[PDB]
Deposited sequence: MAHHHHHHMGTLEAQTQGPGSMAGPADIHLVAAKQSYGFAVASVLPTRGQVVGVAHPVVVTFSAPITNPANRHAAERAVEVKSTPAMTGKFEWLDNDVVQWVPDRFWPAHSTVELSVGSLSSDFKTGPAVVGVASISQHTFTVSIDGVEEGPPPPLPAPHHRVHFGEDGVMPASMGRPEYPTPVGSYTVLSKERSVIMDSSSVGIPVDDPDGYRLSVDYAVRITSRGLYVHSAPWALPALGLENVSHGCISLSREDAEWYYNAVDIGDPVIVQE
């Protein structure tokens, strides 16, 4: 009996990840029976050092992720067991971005210290003017993690088609923190994007270069 055989786990052994990186478990074969998912979850029980609580979310019939309830400690070696499989990974700095819909800001902290690169400009370090989604295409509130980072990626409406310089992806569907030079007059003032968190090129560059996959991004009203 091997229906719950695990092919692979992320983070990989020794990987350097951001402080909210999920534990992603990929099964050798699809678990198509939703009733068998609880048994699979138990087969892949996640035990970390330091201990951490978390919740499973099925991404596909052969992929379950365990989302930690809290941030991993920064600059650390985290020991990880998934079922009997013993591994470890490392965390870099805690690079946390908080988007405020009402304030029109994106606030970046590194290990707790608000910081930004050395038009509206706030003069509180780490507080970047931003522009979130318009009423018809709002930025949804919640807790996200950086899924990928790319340069000069094409984003289209699927009306628009944009070549976007610094793109930090936070949902599978296509929500990003990114550089939005065409949108400068709105930053710190109005929410005129299509759901993405728009920054100036310079702010986006600094944030992109600072953040890692797995770091948290919080959207709040």
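- Comparing the deposited sequence with the modelled residues, the stretches lacking C-alpha coordinates are 1-35, 154-161, 202-211.
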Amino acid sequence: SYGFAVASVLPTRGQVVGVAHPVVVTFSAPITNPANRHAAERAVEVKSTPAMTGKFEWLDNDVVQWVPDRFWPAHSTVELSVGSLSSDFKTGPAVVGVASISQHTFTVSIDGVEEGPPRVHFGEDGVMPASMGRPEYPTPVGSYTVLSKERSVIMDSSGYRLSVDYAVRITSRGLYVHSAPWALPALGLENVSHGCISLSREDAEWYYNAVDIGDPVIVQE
From here on, numbers count along this sequence of modelled residues.
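- Just going by the entry, 136-144 versus 84-92 on mean CA temperature factor gives the higher value to 136-144.
- When the C-alpha B-factors of 169-177 and 34-42 are averaged, 169-177 comes out higher.
- Among 70, 47, 194, 55, the highest C-alpha B-factor recorded in the PDB entry belongs to 194.
- Taking the PDB entry at face value, the top CA B factor among 51, 59, 29, 162 belongs to 162.
- Among the modelled residues of its chain, residue 110 has a C-alpha B-factor that falls in the lowest third, as given in the PDB entry.
- In the deposited entry, the Cα temperature factor of residue 98 sits in the middle third of values across the chain's modelled residues.
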